[PDB]
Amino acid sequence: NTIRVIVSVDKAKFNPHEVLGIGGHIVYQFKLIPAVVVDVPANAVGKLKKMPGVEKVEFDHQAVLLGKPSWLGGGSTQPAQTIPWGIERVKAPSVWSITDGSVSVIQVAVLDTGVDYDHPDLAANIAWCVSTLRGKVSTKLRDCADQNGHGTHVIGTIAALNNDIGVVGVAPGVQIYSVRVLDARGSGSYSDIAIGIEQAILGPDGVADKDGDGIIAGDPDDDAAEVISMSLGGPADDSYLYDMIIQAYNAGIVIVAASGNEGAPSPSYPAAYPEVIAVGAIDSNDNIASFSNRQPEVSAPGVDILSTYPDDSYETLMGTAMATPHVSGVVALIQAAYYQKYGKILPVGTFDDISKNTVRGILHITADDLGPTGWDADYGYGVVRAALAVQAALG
């Protein structure tokens, strides 16, 4: 009948009328990259490759969520607030005195199964709720709603409200952009993910650099996010998806992704990309989880993590999907504290970075170096520590 494909083209020569001439149609036209999502009969693909302006024709691969209920729970109550062990392990609580992430210019975008926007322990921090499932950007609450629970859990590890109920996130006051890129089963196509990354940049107003001053992330005049957290992965490495990542990276946005739960030699994608921070998972005894894919950039609590769950509930999950938000919450604190002090945010460094002039540089040097001294295939640079990370940033 038809298959979904992503085409990297030359804007000056690619003619959309061409695809419609071969029984295909346009699904989504990227704004930040020279590519377009289209549906064409499985038999017309060979025609696309030869059309003027068509440089590359890539298939629509899949990624999946990396978090599962620890005991098959479906969510339970938490009348009185409690601090999940992973939140203290990342030394977050002592930082709230400096900032809790409630600095207006900061927003963290979580590309996941969506979110339970009415959850009493999350609602106040949900600044934007959107979905990009099936190549279409929807701003309707019914479409952005979490239908799995994963997204609600990941978001709660980052920004669950510090009050009298349930739990509390690493940055309990930071603004959240929930971008649904995974279905009810936790499955997501790369196209919807790339489109999700774009929306995190474009923001609610749909414009990347509204005032055209070259500043996107960290610019109060714009509504772009300064952090993109992806608790998902896949074995495919597509050119267009990577192009979108470079786009978010160049915008000054720190990208964080789960390492993967196959115990593989290296991280899955997009974690595997150098501009993205690959996150491994440790347990309550500081041991690296055996399922945690090797060679990560850093590691964080990822075993038996309690957080928010759909229907104003709470649940314990496990996976590298649970460690990722811990790290994203740490960068949120760093950028928030840095901007509160100086009127700007820190640059997004690289993997090899080891200075206090970069977000990643700071994460690496202040991480709790476990296992063999220095970076290792298990813990990476070590376990992220918000308290030390913020001191080095403001230091």
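Note that residue numbering begins at 1 and tracks the sequence as displayed.
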**Prompt:** Going by the B-factors listed in the PDB entry, is the mean over the C-alpha atoms higher for 59-67 or for 323-331?
**Reply:** 59-67
**Prompt:** Once you work out the mean C-alpha B-factor for both 179-187 and 106-114 from the entry, which is higher?
**Reply:** 179-187
**Request:** Sorting the chain's modelled residues by C-alpha B-factor, tell me whether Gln199 ends up in the lowest, middle or highest third.
**Result:** lowest
**Request:** Could you tell me which third, lowest, middle or highest, the C-alpha B-factor of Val137 occupies within its chain?
**Result:** highest
**Prompt:** Lowest, middle or highest third of the chain for the C-alpha temperature factor of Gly214?
**Reply:** highest
**Request:** Consider only the C-alpha atoms of the modelled residues in this chain, order them by B-factor as the entry records it, and name the third containing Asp121: lowest, middle or highest.
**Result:** lowest
**Prompt:** In terms of the CA temperature factor given in the entry, to which third of its chain does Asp164 belong: lowest, middle or highest?
**Reply:** highest
